[PDB]
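First, one chain by itself in structure tokens, the form deposited in one PDB entry.
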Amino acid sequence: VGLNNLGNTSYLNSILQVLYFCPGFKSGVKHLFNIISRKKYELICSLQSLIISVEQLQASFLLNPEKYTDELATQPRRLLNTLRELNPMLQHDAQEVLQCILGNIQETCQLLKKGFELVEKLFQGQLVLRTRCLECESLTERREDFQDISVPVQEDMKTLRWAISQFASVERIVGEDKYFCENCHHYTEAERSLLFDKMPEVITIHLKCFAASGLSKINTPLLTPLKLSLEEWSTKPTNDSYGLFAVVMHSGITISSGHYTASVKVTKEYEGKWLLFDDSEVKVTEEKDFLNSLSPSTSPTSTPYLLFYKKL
């Protein structure tokens, strides 16, 4: 169809498909849109236009699938125009696009303040970074915000729990990377560990599916679980667990080009299924079937790149 041009911005489409199905994101955008309307800002205005456009498409898809194909091709130019205005960025990185959109919304909220905490409540957490000098055994702490967790995918079949351990478990920095202890006034070996203090509603895992010797893409994925618990690396005991609801995958043999696809979970009959977005095509999938396709044992061509977990 005429929607074939959708493929060019597949980095943006995957991020906007994930944000549309995030719990509370489109409610937060509407709340900001209402405030801006009576204030009389383009990012909020174009986002609300996109959400209404998708809402009309989604409603038609549910009720009359035959006329969904017609309406999807009735005015494709309208949909493509709002994506050109909404693009915050060639071929680009999906995680970088998400960082730009979320940063733009955050700046609008802060400027509007001077409901206004949409990004912070949804995507922003807090880390506690501890360093322990192996000579004097003194502890120094740093507090840093985070919006997403960057974990490795190979050591240099592995699970996501191994990847987070590489991120947050105690690491010993030695040799050329000796810590400089102010107490010892000397270079000493040290142990670094990361802990989660404040927890966002949505947990984003940025998989480093790329390596350096010269840069190459790692096609082998990790064993992604449906349930995620961060109690192993948390400052306090928490019974809160997280469930996977969105996956952004990258197809290609290199890091310099490829295609982005997004798989999201519906939260009727469709509730509990996974929607696979491929340019202009949408496929409803069972949770059992989608998870098998993610298995590294099947050698998927689409490499998982971003995982999204919502608090239960």
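Numbering starts at 1 and follows the sequence shown. C-alpha atoms forming the largest set that superposes within 1.5 Å between two forms make up the rigid core.
In the record comparison, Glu66 is unmodelled in at least a third of the other entries of this protein that model the residues flanking it. Compared with other PDB entries of the same protein, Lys268 is missing from at least a third of those that resolve the residues around it. The deposited sequence places 10 or more unmodelled residues between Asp156 and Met157.
One more form of this protein should be noted, the form deposited in another entry, which is absent from this view; the next part is about it.
For the listed set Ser234, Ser193, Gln75, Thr220, the sole C-alpha moving 2 Å or more between the shown form and the other one on a rigid core superposition is that of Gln75.
Relative to the superposed rigid core, the position of the CA of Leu62 differs between the shown form and the other one by 2 Å or more.
Once both forms are fitted on their core, a CA shift of 2 Å or more is seen for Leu6 between the shown form and the other one. In this overlay on the rigid core, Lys178 has a C-alpha that sits less than 2 Å away from its partner position between the shown form and the other one. Between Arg78 and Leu102, the Cα distance is smaller in that other deposited form than in this structure, by no less than 3 angstroms. Whereas the shown form places them at one spacing, the Cα atoms of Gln75 and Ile51 lie at least 3 Å closer in that other deposited form.
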